[PDB]
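All of this is worked out from the model, or read from it or from the source named; none is laboratory data. Ideal geometry is used to build each Cβ from the backbone, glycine not excepted, and the neighbour counts take in all protein chains shown.
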Amino acid sequence: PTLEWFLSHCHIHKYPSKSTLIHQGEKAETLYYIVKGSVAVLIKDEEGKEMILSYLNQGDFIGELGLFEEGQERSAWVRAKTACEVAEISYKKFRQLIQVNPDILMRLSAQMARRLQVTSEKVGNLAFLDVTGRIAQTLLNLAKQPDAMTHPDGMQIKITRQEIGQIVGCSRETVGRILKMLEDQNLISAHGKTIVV
DNA sequence: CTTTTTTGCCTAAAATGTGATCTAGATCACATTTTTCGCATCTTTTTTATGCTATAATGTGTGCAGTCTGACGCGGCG
Ligand SMILES: Nc1ncnc2c1ncn2[C@@H]1O[C@@H]2COP(=O)(O)O[C@H]2[C@H]1O
């Protein structure tokens with residue numbers, strides 16, 4: 001596709017785990033785009049505690065909020081989770097490509113709109129539902145993510161307990177307490193990895 | 001005999017589990033200021049019921065029918 005063309009003019013960089021791509025406050029001039037790898041986007045306080053806004057999978061764009069307003073600062077940290085294959089594109093050259101071909105936006109707008117779908121749902125559940133429904137509707141959809149293994153009447157996920165406190169942004173010990181109370185609910189069959197029946 | 005692949009160890013190391021102990025949150029039945037609403041005033045404002053005008057003026061038709069007609073009633077009509 002366009003991928004290999006653009007790869008000829010190689011901006012594609014390969015980053016290992018945890019090399020910091022984005023600090024916030026940086027200058028916004030370069031779009032990236034993903035070939036391969038997984039990455040977490042996150043934010044923290046002046047006094048240190050950090051928050052994972054989300055994570056992102058292959059095929060998606062980075063940093064898109066900057067192109068519109070010339071000279072913005074980068075909004076959040078985006079810290080490599082694993083080995084990443086990463087495009088890099090200038091806002092100038094990106095606008096050029098916009099004047100060349102906008103059908104790319106046909107695909108792009110869709111994932112953006114469902115980002116709204118999920119972010120509204122984020123703030124909504126933050127308001128309406130306690131930790132119960134919080135991690136309930138976490139694992140219910142964790143049962144649906146590819147890398148999910150089948151459990152005959154159920155589903156298996158082995159993401160054991162560290163990524164979870166990040167994908168929801170919570171303590172793991174409290175996740176413990178209530179995993180065991182959901183085990184008490186006959187909801188979850190879990191021993192590290194969990195069997196969403 | 002050499003390679004690589006595996007496991008277990010070294011060696012460094014994150015994630016799990018103690019529950020005891022508060023602490024900001026949210027409830028919760030009942031008094032007060034605001035909306036601007038509804039009917040009585042004004043209060044105009046328009047509109048409406050009523051009232052005069054002193055040279056002089058004296059019997060319609062008014063626009064039509066085109067007239068159906070056969071039988072029977074009924075008042076005449078002798
Ligand atoms: N709620 C979100 N969902 C998905 N991606 C996000 C979200 N918030 C921020 N990002 C991405 O993280 C990037 C951080 O810097 P930018 O604002 O330049 O562009 C941002 C988006 O690409």
Within 16 Å of DNA strand B (Cβ to nearest atom) and at negative phi: does that describe residue A:115? no
Hand me the list of strands (runs of 3 or more DSSP E) wholly inside the stretch A:1-86 holding 2 or more residues that are in the same structural domain as residue A:107 (by CATH) and over 23 Å from residue A:147 (Cβ atoms). A:20-22, A:30-36, A:39-44, A:50-56
Suppose we filter the stretch A:71-91 for residues that are within 18 Å of residue A:41 (Cβ to Cβ), within 12 Å of the ligand (Cβ to nearest atom) and either among the aromatic types (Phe, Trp, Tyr) or in contact with a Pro (Cβ under 8 Å, 6 or more places away or on another chain) (or both); how many remain? 1
Which ones in the stretch A:25-38 are free of Cβ contacts under 8 Å to residues at least 60 places away in the same chain and surrounded by 13 or more Cβ atoms within 10 Å (Cβ to Cβ)? A:26, A:32, A:33, A:34, A:35, A:36, A:37, A:38
So, in the stretch A:54-64, of the ones that are farther than 13 Å from residue A:88 by Cα and crowded, with 16+ Cβ neighbours inside 10 Å, which residue ends up farthest from DNA strand B (Cβ to nearest atom)? A:56
Restrict the check to the stretch A:92-100 and report whether at least one residue is within 15 Å of the ligand (Cβ to nearest atom), in contact with a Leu (Cβ under 9 Å, 6 or more places away or on another chain) and on the phi < 0 side of the Ramachandran plot. yes
Filter the stretch A:65-90 down to the residues that are closer than 15 Å to residue A:22 by Cβ, among the acidic types (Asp, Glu) and either touching a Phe, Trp or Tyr at 6+ places or on another chain (Cβ under 9 Å) or buried (at least 17 other Cβ atoms within 10 Å of the Cβ) (or both) and list them by number. A:88
Can you find a residue that is surrounded by 17 or more Cβ atoms within 10 Å (Cβ to Cβ), within 13 Å of DNA strand B (Cβ to nearest atom), of a type in the set (A, V, I, L, M) and outside the structural domain of residue A:52 (by CATH) anywhere in the stretch A:170-178? yes
So which of A:129, A:139 is away from the ligand (no atom under 16 Å from the Cβ), over 30 Å from residue A:11 (Cα atoms) and in contact with a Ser or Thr (Cβ under 8 Å, 6 or more places away or on another chain)? A:139
What's the number of the condition residue A:41 fails, among (1) without any contact (Cβ under 8 Å) to a residue 40 or more places away in the chain; (2) surrounded by 15 or more Cβ atoms within 10 Å (Cβ to Cβ); (3) touching a helix residue (DSSP H, G or I) at 6+ places or on another chain (Cβ under 9 Å)? (3)
